[PDB]
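Have a look below at one chain only, the form deposited in one PDB entry, in structure tokens format.
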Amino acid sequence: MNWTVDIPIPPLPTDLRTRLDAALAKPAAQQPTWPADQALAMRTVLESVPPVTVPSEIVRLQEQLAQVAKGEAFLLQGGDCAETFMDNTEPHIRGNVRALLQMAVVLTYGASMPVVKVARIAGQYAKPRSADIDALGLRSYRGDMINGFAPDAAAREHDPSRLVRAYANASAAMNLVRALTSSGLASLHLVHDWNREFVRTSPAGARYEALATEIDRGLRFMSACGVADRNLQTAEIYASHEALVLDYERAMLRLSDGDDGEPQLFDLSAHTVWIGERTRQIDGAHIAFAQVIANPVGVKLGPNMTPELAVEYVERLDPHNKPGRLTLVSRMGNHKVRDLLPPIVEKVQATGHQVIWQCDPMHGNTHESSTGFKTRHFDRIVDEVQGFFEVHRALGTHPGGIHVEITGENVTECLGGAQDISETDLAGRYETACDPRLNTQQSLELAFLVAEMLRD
């Protein structure tokens, strides 16, 4: 059966209405194709819901991301490639939040500064496609906000009812993320006890034992110095997703009050969003929509990026020079990061703006296995981050963070790591609805390796 929602029956200031209309009249790639009257109806509903986030959390994220930009904190961004309606369950959510928290404790120690924790959750329900027609000859699956994963024509029709289903799934998950992080799951001592169990049972546990012991002693030190533990009991986890579907993003806009300067438009589907490689057209609607909202935004930069084009994103998206307003996410592939990134970094640094430089070591290293599965090699992922570190150290700039696809589940999607996942093993638990994710073990292992990168 179905559940069914009623379509409901003070205007923006003029300049925001004009700028917003202007931004949305620009070309927009990768949009779903569904009737405009039905999309309007869905938007009317989403214009009336409880937002997923609120403005003052977003100004707080901004301030924390400014610290990152200045070289005083570090950003960790992670979760599923594609969340699905069917896996939006308590265990799946709790496990991803847990996977992210584990990595955080280790990176916090290794960087010797705060880690801003941003999950890819409560909203990554859509994806772009290079091909409208997939390898089975079906209309491509573009994520659950648009259509269905199942391989059949009917399920692949673009269905606007999904926009509301997506909000409903986002809100519920977010509710649970908030409950879990303020309720004990994000207690530092508890999270660190899970890291100890992993060191104990991982096949490469011995390799990571020193670092884990040193973290354990750091914690006991705090306790020994009688420091208050209130701040150890909870953590903040922000939500993020690629802003891809403009029907969804525009219905989730809300105007803030003037309790901070003038009223502004915030996208309250998330705390921060980014724009992918296939929608980053400089004169396109995604970049223009990003210029209009006050959220922190990110732009993915791949191997054809030029230094001049990167400067142009910075001048469009960070025109007031607010450190941390903009994050540039490098995804070049490991074999190319060392050569392609430096000139982009030098040129952007020369502008006097303060962007966060973030490494996406996953997307630029995807390949197909002999066994059929889309996959990435652990060592290639590690090595991109390694080269990202080297590029920054040579230029004296801040390696700001990482952006990774992970899960808390024990899936077999990426080859290698300590568990030595082979081409054979991939068939066991290849569960992603899109790209291959790091395992819970692999995601934690990578945090150990990166901590070392931070320590040297």
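Take the two forms, superpose them, and find the largest set of C-alpha atoms that agree within 1.5 Å; that set is the rigid core. Note that residue numbering begins at 1 and tracks the sequence as displayed.
Comparing 237-245 with 377-385, the higher mean C-alpha B-factor in the PDB entry belongs to 377-385. Averaged over Cα atoms, the B-factor as recorded in the entry is higher for 334-342 than for the other of 334-342 and 218-226.
For the set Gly110, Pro128, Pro91, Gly123, the maximum C-alpha B-factor listed in the entry falls on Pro128. Annotation for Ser269, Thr371, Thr327, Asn147: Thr371 ranks highest, by Cα B-factor. In the PDB entry, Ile9 places in the highest third of its chain by CA B-factor.
For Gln281, the recorded CA temperature factor ranks within the lowest third of the chain's modelled residues. Ranked against the other modelled residues of its chain, the C-alpha B-factor of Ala25 as given in the entry falls in the highest third. When the CA B factors of the chain's modelled residues are split into thirds, the value for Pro51 lands in the middle one. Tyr313: CA B factor lies in the middle third for its chain, per the PDB record.
Form deposited in another entry: not shown, discussed below.
In a rigid core superposition between this form and the one not shown, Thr234 is the single residue of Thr234, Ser161, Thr213, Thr371 whose Cα is displaced by 2 Å or more. Compared with the form shown here, the Cα atoms of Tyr238 and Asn231 move at least 3 Å farther apart in the other entry.
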